[PDB]
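Report on the following structure.
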Amino acid sequence: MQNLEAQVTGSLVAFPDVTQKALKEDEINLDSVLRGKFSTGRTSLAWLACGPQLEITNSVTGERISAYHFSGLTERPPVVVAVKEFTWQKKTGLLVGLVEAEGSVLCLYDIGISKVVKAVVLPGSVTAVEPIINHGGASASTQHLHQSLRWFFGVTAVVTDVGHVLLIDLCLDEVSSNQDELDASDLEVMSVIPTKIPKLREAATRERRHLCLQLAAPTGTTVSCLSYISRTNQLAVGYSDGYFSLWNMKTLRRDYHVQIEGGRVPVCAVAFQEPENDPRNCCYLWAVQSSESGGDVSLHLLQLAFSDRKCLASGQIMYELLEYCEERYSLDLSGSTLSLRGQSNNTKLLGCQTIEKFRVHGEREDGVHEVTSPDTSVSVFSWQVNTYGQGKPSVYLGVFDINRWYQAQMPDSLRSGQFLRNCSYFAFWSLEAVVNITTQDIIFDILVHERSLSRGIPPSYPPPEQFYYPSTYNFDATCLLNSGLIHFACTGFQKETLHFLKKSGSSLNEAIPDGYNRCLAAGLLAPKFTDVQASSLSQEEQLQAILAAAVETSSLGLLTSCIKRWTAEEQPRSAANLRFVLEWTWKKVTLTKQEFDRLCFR
Amino acid sequence: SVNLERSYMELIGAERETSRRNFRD
Amino acid sequence: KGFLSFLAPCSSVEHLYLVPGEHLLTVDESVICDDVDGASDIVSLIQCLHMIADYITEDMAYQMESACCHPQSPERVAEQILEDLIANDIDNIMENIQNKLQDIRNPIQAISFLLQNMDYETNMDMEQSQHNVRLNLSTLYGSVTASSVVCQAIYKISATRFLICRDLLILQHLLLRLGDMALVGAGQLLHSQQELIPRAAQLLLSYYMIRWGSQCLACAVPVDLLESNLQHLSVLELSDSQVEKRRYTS
Amino acid sequence: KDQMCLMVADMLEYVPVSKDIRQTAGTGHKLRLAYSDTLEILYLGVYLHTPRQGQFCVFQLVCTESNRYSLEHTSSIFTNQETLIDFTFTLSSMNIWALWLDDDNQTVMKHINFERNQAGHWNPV
């Protein structure tokens, strides 16, 4: 069912003056570039940094939560390139990887009072970081770690600009390797994978070093993307030349390495998707090949083959014994697949997230229920498309529903331009309204809130087919800029029309045609009301159907408010409408009492 | 158990009766 | 400038209530409460409470008080309040409330958790029989500043518990009337609701009593008449004389 | 008694570096003393008023055997640009309190435990 473009609910809640000064002051100094992204987890923050400065603002408002000036042992601006949540000893904070021309800085940042709680100097150059396990030494019942990693207490997988992957122990189990803000330790990087891990960790600790294992990886290539799929216990590493290598860290070895179409097009993003029911134990991984300066841009649906789908005591289903990773569906976004520009388009991924909504009923006597398999699982890709000539990015927010795609039974036809948001397997929202404000503002990230992404409640379970359309998905989201945050709503058109009609309820009859048409287009009406249009009906029968539906919705208040509205202002057909609705009410009473008698006589 | 966030709230003290100390010039 | 105030930590329930429940979603789950599942249930409850409060006003409270004062039971007044709220439907906010309710697992656990979170008063009879002093802190404190602070605090907590109990009764009645419209397993839930309604009603009655008393003014009465009433009561054996310091405010 | 300046100590050197503040010629900086009777430790709660953003910083006074004295950085608490009326810091529950009067002439004041994690949050009153 068709959608509507992003609905603005308050534009450009800009960042504070101190934040704007702090971010834009370092953009002139050498080795400094402005970066920004939202932080996902128990935090509700958006981080923006230009070298030493780090600004943390509210993720839905933009107000400066905190701000800090901090560098390493060199004055070259350490640009925050990576931010990932980290929970140690029930302390919830952030691990931040800052890149310098002379090295890198790893910082631990515990939400409290606006400083840094740990700082470590890294000899390499950080491009992306990812926490594998929060408590490595306490992880011995779920099989995702290696023997060396289980000797660690917190493992950080970092990808450098040489194509290598380094697994670093944060050494939070050791007090002689825990560093302060101005104190730091080097890394005893072991290229090999040893069997004397406790002894070598002790040696590093005594020599004031963290234990690091650099895996034998291609040298010369640069890792364009790093991710951790804990469901499959795999480390997704993508190189700037389209080579995708997937590592079994239960052996710390490359279980797979392939070339995804593109030789200069890097693997820009990876998104994991689990169908609502898979008996083949195979899930999907969208790998997006996107040019960073213009060229061919392809969305690849990589099917992953795993032999084992184990249940291990970590509250997770763990996929093991990888066989292959092969692209199974390609969509060219450089041309026209969801856009109206056929020539080569420079596509940049503003955001790449996966949202799963779990629906568990309680409603019994005192107790607790647990989450189950998601009835709604989607991969959201927010992207900007530049058509060269003016350099103006048009932003689109595409949503691929793996569950709806499976219910559509593996669609494989390449879509070609125009509006096709009605499709359930894949849809997309035109962000042109937000673009009209962010014509020049550099969108650093786009966060679609999990609490925002939700569906309505039905008057009688099971939910109607409207629940299974993206039009029912009402969700607010925030785009990060270099000037602030812009917040918008999606699929609020239905409630906008409904409330406009209700406020016009004193003259509701004349607006019933257009309002009913808008509700039908948005899918607000029940699936049975979509088959009849307001053009072929009259406002009176449309209103009678709406009143009936409000009765089955157990919503007497809408009828009462509408009739009270009609009591005011000139509207000649109000008397006729109330007459018809009163005989309808009495005959409905008669039919309901008859049906109740039929149920109760048996 | 874990942590403690607390907010204070203003409760007006002073005398319910009307009496204040006059400064000795 | 001139006068004085003390900054006293809000209780757990009051501190949570004074902040909209939606913002509690941004504060760590173990910080909201020790039971993370219970914490989520209580966060959903307080989100619903703030949702109701955004539309319930103080004039509603005044007319509810008058409805209780002249013949009408508070259960009937609460029914009328919820009926007005439902009749004012333009967006069907009851559907939003129900959606937030499915986030709660077995709401009996969460409502009883609010019950235990507010339970600080127990049925004990303390007469003027003096207990054995263990410190001089027994006689310590009791000044007029303490009296003013205590009266302000009891007024404030009476108002807060007033609003909270009213919202609790409204939610109880609404959930009882909803039945199976999006719900499952309501066969056992509703009967427990029937039993929990009178108890919450009596709790609301007590808290209305205390809020009304906090709202009640008192006249300036001579200490001579005060002590004459004391002597008469002691003679009739309803009280035993105990005098430390008696004050009448100006 | 020596009538000479023994050392010049930069408060921002014990904090992760902030370049602008140390060369700023701002005025209105505040010092507060908090002594732990049972610890024999004196804490300098120093509010450095920066036009960018003022900050509370907690130091411990250390006097070495050679009459050289230094500040041990316990924590630093940034503040937003307001007209700070007062501020205090206690060692009994290890807390910062701050009272500002904003440029709109409104009384605001807040508290925070300055050892309750270290990345930015305040508890309002």
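Just remember, in the structure tokens the first chain shown is A, the second B, etc., residues are 1-based per chain, and ligands are 1-based in the order shown.
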
Item to check | Exercise: segment 16-20 of chain B partners within 9 Å, only C-alpha atoms, chain neighbours under 4 positions left out, as number ranges by chain | outcome: C: 2-3, 144-145, 147-148, 247-250

Item to check | Test item: residues at most 10 Å from residue 9 of chain B, only C-alpha atoms, excluding those fewer than 6 positions along its chain, as an MDAnalysis selection string | outcome: (chainID C and resid 5:11 15 153) or (chainID D and resid 124:125)

May I have the residues from that selection written out with N, CA, C and O atoms, as a short mmCIF file (atom, residue, chain, number, x, y, z; two decimals), in the first residue's frame?
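Full text of part.cif as output:
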data_model
loop_
_atom_site.label_atom_id
_atom_site.label_comp_id
_atom_site.auth_asym_id
_atom_site.auth_seq_id
_atom_site.Cartn_x
_atom_site.Cartn_y
_atom_site.Cartn_z
N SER C 5 15.21 27.46 52.51
CA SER C 5 14.60 26.22 52.07
C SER C 5 15.60 25.08 52.20
O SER C 5 16.81 25.30 52.20
N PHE C 6 15.09 23.87 52.33
CA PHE C 6 15.93 22.68 52.34
C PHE C 6 15.67 21.87 51.07
O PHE C 6 14.53 21.77 50.60
N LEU C 7 16.72 21.29 50.53
CA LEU C 7 16.60 20.46 49.34
C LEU C 7 16.62 19.00 49.76
O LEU C 7 17.67 18.47 50.11
N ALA C 8 15.45 18.38 49.73
CA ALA C 8 15.29 17.02 50.22
C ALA C 8 15.17 16.05 49.05
O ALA C 8 14.46 16.33 48.08
N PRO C 9 15.88 14.93 49.10
CA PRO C 9 15.78 13.95 48.01
C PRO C 9 14.36 13.46 47.83
O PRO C 9 13.68 13.08 48.79
N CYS C 10 13.89 13.49 46.59
CA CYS C 10 12.59 12.91 46.28
C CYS C 10 12.63 11.41 46.51
O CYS C 10 13.66 10.76 46.31
N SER C 11 11.51 10.85 46.96
CA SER C 11 11.40 9.40 47.06
C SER C 11 11.55 8.78 45.68
O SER C 11 11.53 9.47 44.66
N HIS C 15 10.21 10.85 42.54
CA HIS C 15 11.23 11.28 41.58
C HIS C 15 10.94 10.73 40.20
O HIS C 15 11.07 11.44 39.19
N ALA C 153 5.98 19.12 52.68
CA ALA C 153 6.26 17.81 52.10
C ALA C 153 5.02 16.93 52.09
O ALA C 153 4.76 16.22 51.12
N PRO D 124 19.18 17.12 37.98
CA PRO D 124 18.58 18.41 38.33
C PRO D 124 17.91 18.36 39.70
O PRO D 124 17.61 17.30 40.23
N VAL D 125 17.70 19.55 40.26
CA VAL D 125 16.97 19.71 41.51
C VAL D 125 15.70 20.49 41.22
O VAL D 125 15.74 21.55 40.59
#

Next on the checklist: Just want the 9 Å neighbourhood of residue 406 of chain A, counted on only C-alpha atoms, with same-chain residues fewer than 2 positions away dropped. Output as a list in words.
Outcome noted: residues 275, 276, 277, 401, 402, 403, 404, 408, 409, 410, 411 and 425 of chain A

Can I get the selection written as a CSV table (one decimal), in the first residue's frame, with C-alpha atoms?
chain,number,residue,atom,x,y,z
A,275,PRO,CA,13.9,-14.6,7.9
A,276,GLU,CA,11.1,-15.2,10.4
A,277,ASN,CA,11.5,-19.0,9.8
A,401,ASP,CA,11.7,-6.5,5.2
A,402,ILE,CA,13.1,-10.0,5.3
A,403,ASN,CA,9.9,-11.4,6.7
A,404,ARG,CA,7.6,-9.7,4.2
A,408,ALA,CA,6.4,-12.7,-0.9
A,409,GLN,CA,8.4,-15.8,-1.6
A,410,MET,CA,11.8,-14.5,-2.7
A,411,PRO,CA,11.1,-11.7,-5.2
A,425,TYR,CA,9.4,-7.0,0.5

Checklist entry - Among segment 169-207 of chain C, which ones does DSSP place in helix (DSSP H, G or I), written as number ranges by chain? => result C: 169-178, 186-207

Next on the checklist: Taking only C-alpha atoms into account, find every residue of chain A that has an atom no more than 12 Å from chain B, and write it out as an MDAnalysis selection string.
Outcome noted: chainID A and resid 89:92 112

Checklist entry - Please, what distance in Å, to one decimal, runs between atom CA of residue 497 of chain A and atom CA of residue 518 of chain A? => result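 Separation of atom CA of residue 497 of chain A and atom CA of residue 518 of chain A: 6.6 Å.
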
Next on the checklist: Which residues are close to segment 41-49 of chain D, i.e. within 6 Å by only C-alpha atoms, leaving aside same-chain residues fewer than 2 positions away? Reply as number ranges by chain.
Outcome noted: D: 29-36, 39, 54-61

Item to check | Spatial neighbours of segment 224-232 of chain A, max dist 9 Å, only C-alpha atoms, sep filter under 5 positions, as a PyMOL selection string | outcome: chain A and resi 127-132+144+157-159+161+163+237-242+266-270+272+306+309+316-322

Next on the checklist: Can you tell me which residues surround segment 125-140 of chain C at a distance of at most 9 Å, considering only C-alpha atoms, apart from same-chain residues fewer than 3 positions away, and format the answer as a list in words?
Outcome noted: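 Contacts, with the query itself left out: residues 239, 240, 241 and 242 of chain C.
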